[PDB]
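First the structure, in the form of C-alpha cells, and then the observations on it.
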Amino acid sequence: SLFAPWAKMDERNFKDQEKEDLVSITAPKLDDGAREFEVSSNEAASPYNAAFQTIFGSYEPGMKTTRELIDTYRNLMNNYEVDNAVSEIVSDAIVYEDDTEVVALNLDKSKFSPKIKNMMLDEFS
Amino acid sequence: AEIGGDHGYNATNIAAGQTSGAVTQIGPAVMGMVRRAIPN
C-alpha cells in the first residue's frame, strides 16, 4: 500500500477506460511495450490460474532477455573504442557550457494564462 | 388455466429446464462458477 495514493489515480484511469466505448477491437492496444497477460473478467472466475502460469512461465526464462542485454550492453560499453561512441553521443546529446541553458521547458503555444506558464516553469526547475 | 408447473428439486431434471407445466425452460440460468484457490 506504499503507493496506494498513486493507485487511486491509476484505478480511476483504468476505470475510465472500462467506461470508455473503445470496443469491438480484435487487435491488441499494443504499440510498443510490456509483456502481455490475458485473463477473462467473468466476475474474476480464474485470473489466478492464469496469473500463476504467467508468473512461472516468465520465471522459466527468468527475464534473461533483459538481464543478458543489460549486462551485455555494460560489457560492451566497458570496452575501448566503444565507450567513445557512447560518451560522444551523450556529450552531443546533453550539452553544458559556461553558465548556459540546459534542457528547458518552452511554453510558446497558447496557454490558459501566463500564471500557469510560471507555475509550470517553476515545476520544471 | 395454464401453469409453469414446477420442478421436483431433482437436479437432474432441473438442469434440463424440465417442469411439470405448460412450458419448460432453456436451462437453469448459469450463475458463473467457483474454482478452489491456490495456497501460499
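We place every Cβ from the backbone using ideal geometry, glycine too, and count neighbours over all the protein chains shown. What follows is calculated from the coordinates using simple rules that are stated; it is not laboratory data.
The local environment of A:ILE94, defined by Cβ-Cβ distances under 14 Å, has a net charge of -4 under the rule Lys, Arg +1 and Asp, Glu -1.
The alpha-carbon positions of chain A define a convex hull whose volume is 270 Å³ per residue. Shape class of region A:4-69 from the Cα gyration tensor (axes a ≥ b ≥ c, square roots of the eigenvalues): prolate, since a/c reaches 1.5 or more and a/b is larger than b/c. Rg ratio for region A:64-125: its Cα radius of gyration over 2.2 N^0.38 Å, N being its residue count, equals 1.82. Bridgeable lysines around A:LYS15 (alpha carbons under 18 Å apart, same-chain partners fewer than 8 residues away excluded): A:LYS29. Mind pulling the per residue volume of the convex hull built on the Cα atoms of chain B? Å³ is fine. With only Cα atoms used, chain B gives 84 Å³ per residue. Take every Cα pair under 8 Å whose residues are at least 6 apart in sequence, average their separation, divide by the length of chain A, and the relative contact order is 8 percent.
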